[PDB]
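> Can you keep this structure in mind? I'll have questions shortly.
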Amino acid sequence: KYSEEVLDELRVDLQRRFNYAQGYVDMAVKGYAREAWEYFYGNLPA
Amino acid sequence: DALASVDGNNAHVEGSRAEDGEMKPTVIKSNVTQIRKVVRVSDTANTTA
Amino acid sequence: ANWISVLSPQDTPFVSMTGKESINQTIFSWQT
């Protein structure tokens with residue numbers, strides 16, 4: 001008996017949560033992980 | 001590279017000198033690469049729901 | 001001295017008395 005309005009509210013909440021989580025995690029981890037992988041093969045120093 | 005034209009008069013004599021042959025260089029070719037898009041948007045949103 | 005003094009007037013009763021609710025659009029609406 002799950003309502004579609006409940007699912008829409010859940011979708012909205014989850015979308016905003018994912019947006020915030022991405023905005024954080026990007027600069028928290030991936031901005032460093034990319035350059036770390038680049039240094040792994042020595043491709044960052046140009 | 002490209003081979004030379006085929007000869008049809010090879011009738012050299014016996015016990016003679018080794019005549020200088022036809023030798024040519026190998027032609028070389030080169031190229032270059034090419035280079036983006038624009039992501040113009042509002043972007044003031046997408047921070048809240 | 002290893003510290004700083006800051007008045008920091010931070011009553012903010014209204015913000016804690018009204019709660020909050022997330023949305024998914026820059027413009028929300030109700031009807032009543």
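Scheme for the structure tokens: letters A, B, ... for chains in order shown; per-chain residue numbers from 1; ligand numbers from 1 in order shown.
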Taking only C-alpha atoms into account, find every residue of chain A that has an atom no more than 8 Å from chain C, and write it out as number ranges by chain.
A: 12-13, 15-16
> For the residues in that selection, give me N, CA and C atoms as a PDB file, in the first residue's frame.

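The resulting file, part.pdb, is reproduced below:
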ATOM      1  N   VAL A  12      12.801  12.855  -4.018  1.00  0.00           N
ATOM      2  CA  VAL A  12      13.326  14.210  -3.856  1.00  0.00           C
ATOM      3  C   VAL A  12      14.382  14.241  -2.756  1.00  0.00           C
ATOM      4  N   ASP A  13      14.057  13.655  -1.601  1.00  0.00           N
ATOM      5  CA  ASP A  13      14.998  13.649  -0.487  1.00  0.00           C
ATOM      6  C   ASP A  13      16.290  12.942  -0.874  1.00  0.00           C
ATOM      7  N   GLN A  15      17.507  12.477  -3.882  1.00  0.00           N
ATOM      8  CA  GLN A  15      18.229  13.247  -4.885  1.00  0.00           C
ATOM      9  C   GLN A  15      19.044  14.353  -4.233  1.00  0.00           C
ATOM     10  N   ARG A  16      18.432  15.100  -3.313  1.00  0.00           N
ATOM     11  CA  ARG A  16      19.178  16.171  -2.656  1.00  0.00           C
ATOM     12  C   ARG A  16      20.302  15.605  -1.794  1.00  0.00           C
TER      13      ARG A  16
END
> Find the residues of chain B in contact range of chain A, meaning any atom within 7 Å when counting only C-alpha atoms, and list them as a JSON list (two decimals) with N, CA, C and O atoms, in the first residue's frame.

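The result, stored in selection00.json:
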[["chain", "number", "residue", "atom", "x", "y", "z"],
["B", 47, "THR", "N", 22.40, 22.91, -5.68],
["B", 47, "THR", "CA", 22.95, 22.80, -4.33],
["B", 47, "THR", "C", 21.89, 22.34, -3.33],
["B", 47, "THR", "O", 22.20, 21.56, -2.42],
["B", 48, "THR", "N", 20.66, 22.82, -3.48],
["B", 48, "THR", "CA", 19.54, 22.32, -2.70],
["B", 48, "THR", "C", 18.70, 21.39, -3.58],
["B", 48, "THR", "O", 19.08, 21.08, -4.72],
["B", 49, "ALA", "N", 17.55, 20.94, -3.09],
["B", 49, "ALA", "CA", 16.71, 19.99, -3.81],
["B", 49, "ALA", "C", 16.27, 20.63, -5.13],
["B", 49, "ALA", "O", 15.49, 21.59, -5.14]]
> Enumerate the residues of chain A with a DSSP assignment of helix (DSSP H, G or I), computed from the backbone, and present them as a PyMOL selection string.
chain A and resi 4-40
> Report, in Å to a single decimal, how far apart atom CA of residue A:10 and atom CA of residue A:22 are.
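Pair atom CA of residue A:22 / atom CA of residue A:10 returns 17.9 Å.
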